[PDB]
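Laid out below as C-alpha cells are two forms of one and the same protein chain, each shown alone and named structure 1 and structure 2.
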Structure 1
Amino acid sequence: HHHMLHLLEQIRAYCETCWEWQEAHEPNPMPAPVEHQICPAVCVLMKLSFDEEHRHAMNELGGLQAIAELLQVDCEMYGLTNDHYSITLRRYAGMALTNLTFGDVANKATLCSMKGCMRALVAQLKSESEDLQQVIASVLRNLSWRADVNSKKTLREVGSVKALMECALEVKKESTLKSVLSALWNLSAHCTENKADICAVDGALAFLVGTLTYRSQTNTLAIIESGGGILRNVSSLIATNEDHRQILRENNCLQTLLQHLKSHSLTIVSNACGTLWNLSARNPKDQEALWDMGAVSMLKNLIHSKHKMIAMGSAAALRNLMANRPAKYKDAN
C-alpha cells in the first residue's frame, strides 16, 4: 500500500501539471503523459483493482477520483485526435474505474458528479479502439446500476443513451456488444426519456429484434438477455407507435417472443412476458397474429409462476388476448 500511495502520487502530480497548463490560458509546454511514465502507473493500479482488499486500500487514498481526473484531463487535452499511448492510458484507467465502481455507492456517485469526466467517457464510444469502447461501456453499465437521482440525471444529460445505442450498431465483437447492451438495459429502466431516445435512433429497433436470436459462440445468453431486456423496457412506448410495431413484426419479433417463453432463463421468459403484455394491448392485428401462433395456451402455461413478473405479465397479456378473440375464431366469422 506504500506502492499504491506512490503510483497515486504520480498520477495526482501529473494531473496538477495538466491543470496548470490549462489554467495558464485563462484571463510552459503542453504536458505529455509519456514524459511522466503514466501508462505503467495506471496499468499497475488497474491490475491491483481486481482484488477486493486492494480496492479498499485504493479507496482510502481517493483512487477513483484521481484515476477519473486523469482520464478526464487526457480526453480534454488531446480528445479523439490522440495517439496510442493515450488510448492505452484511457483503457487501463477505464478498467480501473469499472472495478472501483462495482457495487460501490460512493464511487458511483462521485464519478457521475464529475460532469466533465462523464462527457469524456461518452466521447470515447467513438474511439478508433473498439476495445476502449468496451471498456467505457463497462464503466457506464456500473454507473447505471442502482444510480441515484442525480446520477440518473447526469447519465441522461451527457447523452449516454443515444451514444451507446449508436455504438451498438457499429460494434464487431460480442464482448463489446455485451458491455454496450448491458449499459443500455440499465439505462432503459431509468425514465421514459431514455426509452424514447433508444427508439429514436435509426435502425435500433430492428437491431434489438436481431439480438433476440443471437448465436453466441461462447455458450451464453447474455446478448439475448440484454437485447430482450432493452426491448421489454421500451415496449411500453413501442406499443404507441405503429411504425415501431411494424419494424418488430417484419423482423419476426412476435414468433421469437413466444419461443422465448420456453427458455431456461427466467430473465428471457420475464423479458418476453413484459414485452408481450404491452404489444398485446389495443392492436387487433398483433392480437390476431398472436392467437394464430398459439400464444393463448403458451401464456396460460406461465400464470402460476413463482416469479412475480412472469406471473403478472403472462396473465396480463392473456387477458388482453382473451378479451379480443378474433372474429375468425368466433366459431367462425
Structure 2
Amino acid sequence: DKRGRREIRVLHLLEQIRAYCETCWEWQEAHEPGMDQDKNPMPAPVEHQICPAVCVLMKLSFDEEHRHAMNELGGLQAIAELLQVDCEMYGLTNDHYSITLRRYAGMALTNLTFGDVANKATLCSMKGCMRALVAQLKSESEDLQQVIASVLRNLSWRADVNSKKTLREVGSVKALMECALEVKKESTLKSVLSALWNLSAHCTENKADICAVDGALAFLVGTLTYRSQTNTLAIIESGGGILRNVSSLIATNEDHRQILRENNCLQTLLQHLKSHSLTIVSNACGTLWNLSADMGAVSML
C-alpha cells in the first residue's frame, strides 16, 4: 500500500532526472560542436524544472524508508550522474540555480552514503562524478563547499581499497587542503578537516600532498590553538589529527620542521598533553613521537 506509494513517488522523480540526463549525454556525446546549432541547443536544467525534482529527493532522503526506495531504484547513481553532467556542462558558475541544484544533489548523496558501504563504493566507482565533486571545492559558495566536503568526508571514512585509490587519483587531498585555507565558516572547516584527517591516513602520498600545499603546515599548526566560537574541540582534534598523520614525513624534511618550529608547534603539543580530550592527548603524543628524531607506546594509547 504505502510502500508502493513511496516507490512510485520516488520512481517518478528519478525517471525525471534520468530523462534529463539522457538528453544531456546525447548532447555532450553525439552533438558535433559545429553542426546546425539551432537544431540542438545545449539543455538547461531550469528549462526542465530539474532543481525542484532534486529538491524533493533531497528532502525525502532524510527519511529511511524513502532512502530504501531510492536504493532499490539506483537513486544514488541517478543523482550522481545529474550532478556530474551539470558540472561538466556549465563548470564553475556563480549561477544561483546551478549552485542550489548541486547543493541539493550533494545533500542527497551525503544522506545516501552515510553508513552505506554499497553506496560509498558505487559513488567512488564513478570517477567522472568524483572529479566533478572535487572541482566544486573551488566554488565561491561556501554552502556548496560544505556540502561537497561532507560527501567527501563520508567517502573517505572506512573506504575500501578501490575508493581510497579513486579519492587519491582525483586529487581530493590537495583540493581539500587548499579549500581549508580559504574557508571562512567554522562549520565548513570542520567537514573539510574531518575529511582530510581520514584521507591523511590512507597512504604516504596523501601525507606528502598535504605537506606540499603552500601554507598548509603553518595552517595546521594554527588549528592547534584554534578558538572555537561554538565551544568545541573538533577543529583542534582534526587539525591535530592530520598533523599527527603527516608528522612522520615532516620528521625527515628540515624545511617542514623549520615551519613547525617558526610556529612554535612543539610548545603547543606539550601543552596539548594536559588536555581533557583523549583524542587531543593521543594526537599530541603521536606527533611528538614522530618528530622526536622494538616499538613505541603510540599503538597502545
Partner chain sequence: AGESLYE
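All residue numbers here refer to structure 1's sequence, counted from 1. Between two forms, the rigid core is defined as the largest C-alpha subset superposing within 1.5 Å.
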Looking for the form solved in complex with its partner chain among these two structures; is it 1 or 2?
1
After superposing on the rigid core, the Cα of residue 51 moves between structures 1 and 2 by an amount in angstrom of 2.3
Shift of the Cα of residue 82 between structures 1 and 2 with the rigid core overlaid, in Å, rounds to 5.7
